[PDB]
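Q: Here the sequence shown stands for residues 4 to 125, 127 to 261, numbered as in the entry's author numbering. Built from N, CA and C at the ideal position, the CB exists for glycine as well.
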Amino acid sequence: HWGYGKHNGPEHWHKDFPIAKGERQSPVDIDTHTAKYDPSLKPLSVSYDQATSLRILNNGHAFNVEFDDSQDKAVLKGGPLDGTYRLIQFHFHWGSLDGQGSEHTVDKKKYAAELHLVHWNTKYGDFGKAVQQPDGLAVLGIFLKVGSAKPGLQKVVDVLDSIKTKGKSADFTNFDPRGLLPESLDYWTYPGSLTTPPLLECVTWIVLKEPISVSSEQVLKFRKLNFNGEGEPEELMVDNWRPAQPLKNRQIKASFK
Ligand SMILES: NS(=O)(=O)c1ccc(NCc2ccc(B(O)O)cc2)cc1
Ligand SMILES: NS(=O)(=O)c1ccc(NCc2ccc(B(O)O)cc2)cc1
Ligand SMILES: [Zn+2]
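1. Taking the alpha carbon of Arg254 as the point to measure from, which residue in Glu26, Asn11, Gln222, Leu120 has its own alpha carbon closest?
2. State yes or no: is the C-beta of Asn61 within less than 8 Å of the C-beta of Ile210?
3. Please determine, among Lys225, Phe226, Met241, the residue with the shortest C-alpha to C-alpha distance to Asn232.
4. Going by the beta-carbon positions, is the gap between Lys127 and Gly86 smaller than 8 Å?
5. By how many angstroms is the C-alpha of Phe66 removed from the C-alpha of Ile146?
6. Taking the C-alpha atoms as reference points, what is the distance between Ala23 and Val135?
7. With 16 as the cutoff for other CB atoms within 10 Å, does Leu224 come out buried or exposed?
8. Is it buried or exposed for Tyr40, if we count other Cβ within 10 angstroms and need 16 for buried?
9. Exposed or buried, what is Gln92 when buried is set at 16 or more other beta-carbons lying within 10 Å of its beta-carbon?
10. Could you tell me if the beta carbon of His94 falls within a distance shorter than 7 Å of some heavy atom in ligand 3?
11. Would you mind sorting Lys170 into buried or exposed? The rule is 16 or more other CB atoms within 10 Å of its CB.
12. So, for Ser152: in the same chain, excluding its five sequence neighbours on each side, which residues have a beta-carbon less than 6 Å away from its beta-carbon?
13. So, at 7 Å on beta carbons, what are the nonlocal neighbours of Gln249 in its own chain, with the 5 sequence-adjacent residues on each side left out?
14. Name the DSSP bridge partner or partners of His94?
15. I'd like the span of the alpha helix (DSSP H) that includes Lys225, first residue to last.
Take a look at the structure:
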């Protein structure tokens with residue numbers, strides 16, 4: 004019953020998921036002036052050439068584009084990481100208006116949306133085991149601003165009318181997630197959590213500095229999705245973001261000067 008309404012939204016989550024008030028929760032605000040350049044950080048290595056997308060699912064919170072994670076087909080390495088992390092799914096968080104929607108913020112600025120490419124450390129064997137570990141996941145976060153269309157997003161936008169309501173899924177083969185990346189792979193990183201219940205503290209966050217641009221029309225189509233199931237009262241899927249959480253005993257690291 005958690006969600007994003009007044010009665011079940013982020014300020015309520017702690018009642019069922021007490022780690023919501025934990026020591027390494029996400030998202031956070033990234034203060035660009037107080038992030039520390041870390042010369043030990045390596046370039047990201049994003050290897051998505053053999054990615055195999057399978058399906059797109061409206062899960063009642065967002066939509067997930069799911070991948071075949073039974074082999075190292077689409078992996079993230081390098082950066083702050085000391086293992087190989089398989090891509091399992093990506094999804095977005097977005098607003099009702101262009102002035103909100105991102106989870107992370109930058110000098111307190113919200114973006115219109117945020118893309119999360121979710122990867123799990125292969127040494128743990130499955131995603132469910134990985135989320136139990138302090139280094140189980142690596143989530144690659146990418147901000148979306150509204151301006152020119154993102155060509156590589158359009159295939160996603162166009163299928164959304166077929167997964168309008170909670171529990172719908174559709175085929176989604178042969179999608180190339182490389183078309184969602186910005187040019188630069190400069191990033192910030194810090195230890196954090198899942199941003200939805202169960203809010204587990206298992207994520208090495210890697211947030212790219214350079215946003216991608218999407219069109220107003222693309223993000224308008226995100227906002228036509230529904231949180232509800234078919235045959236239930238229509239609740240638009242908008243404002244499915246958790247606000248910034250206390251930084252606590254963390255300093256964010258920058259890959260760039
Ligand atoms: N956030 S949580 O602690 O898991 C939680 C919060 C609320 C509830 N139940 C009450 C509730 C559930 C859903 C909605 B709604 O607008 O769709 C409103 C009220 C159940 C669990
Ligand atoms: N928004 S986010 O921090 O990227 C993010 C939030 C939640 C999730 N996964 C949610 C979740 C957690 C555990 C299991 B399981 O199989 O035990 C399945 C799904 C994945 C990413
Ligand atoms: Zn997310």
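A: Let me lay it out:
1. The count along the sequence shown starts at 1 and reaches residue 254 at position 250. Among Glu26, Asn11, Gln222, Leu120, the Cα nearest to that of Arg254 belongs to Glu26.
2. What you label residue 61 is simply residue 58 of the sequence shown in a count that begins at 1. What you label residue 210 is simply residue 206 of the sequence shown in a count that begins at 1. The Cβ-Cβ distance between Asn61 and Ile210 does not fall below 8 Å.
3. As a working note, residue 232 is residue 228 in the sequence shown. When only C-alpha atoms are compared, the closest one is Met241.
4. Taking the sequence shown and counting its residues from 1, the one referred to as residue 127 is at position 123. Taking the sequence shown and counting its residues from 1, the one referred to as residue 86 is at position 83. A distance below 8 Å separates the beta carbons of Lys127 and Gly86.
5. Taking the first residue of the sequence shown as position 1, residue 146 is located at position 142. Taking the first residue of the sequence shown as position 1, residue 66 is located at position 63. Rounded to the nearest angstrom, the two C-alpha atoms are 16 Å apart.
6. Indexing the sequence shown from 1 puts residue 23 at position 20. Indexing the sequence shown from 1 puts residue 135 at position 131. Their Cα atoms are separated by approximately 15 Å.
7. By 1-based counting over the sequence shown, the position of residue 224 is 220. Counting of Cβ neighbours within 10 angstroms places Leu224 among the exposed residues, the total staying below 16.
8. What you label residue 40 is simply residue 37 of the sequence shown in a count that begins at 1. With fewer than 16 other Cβ atoms within 10 Å, it is exposed.
9. On the sequence shown, residue 92 is found 89 positions in, with the first residue counted as 1. Buried is the call here.
10. Reading the sequence shown from its first residue, position 91 is the one you call residue 94. Yes, the beta carbon of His94 sits closer than 7 Å to at least one heavy atom of ligand 3.
11. As a working mapping, residue 170 is identified with position 166 in the sequence shown. With 16 or more Cβ atoms within 10 Å of its Cβ, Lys170 is classed as buried.
12. As a first step, residue 152 is located in the sequence shown; it is residue number 148 there, counting from the start. Excluding sequence neighbours, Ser152 sits near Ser217.
13. The sequence position of residue 249 within the sequence shown is 245, counting from 1. Sequence-distant partners of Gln249 (beyond 5 residues in either direction) whose C-beta falls short of 7 Å from its own C-beta, in its chain, are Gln28, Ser29, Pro30, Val31.
14. The residue labelled residue 94 in the question sits at position 91 within the sequence shown. In DSSP, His94 forms a bridge with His119.
15. Translated into the one-based positions of the sequence shown, residue 225 becomes position 221. For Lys225, the uninterrupted alpha helix (DSSP H) segment begins and ends at 220 to 226.
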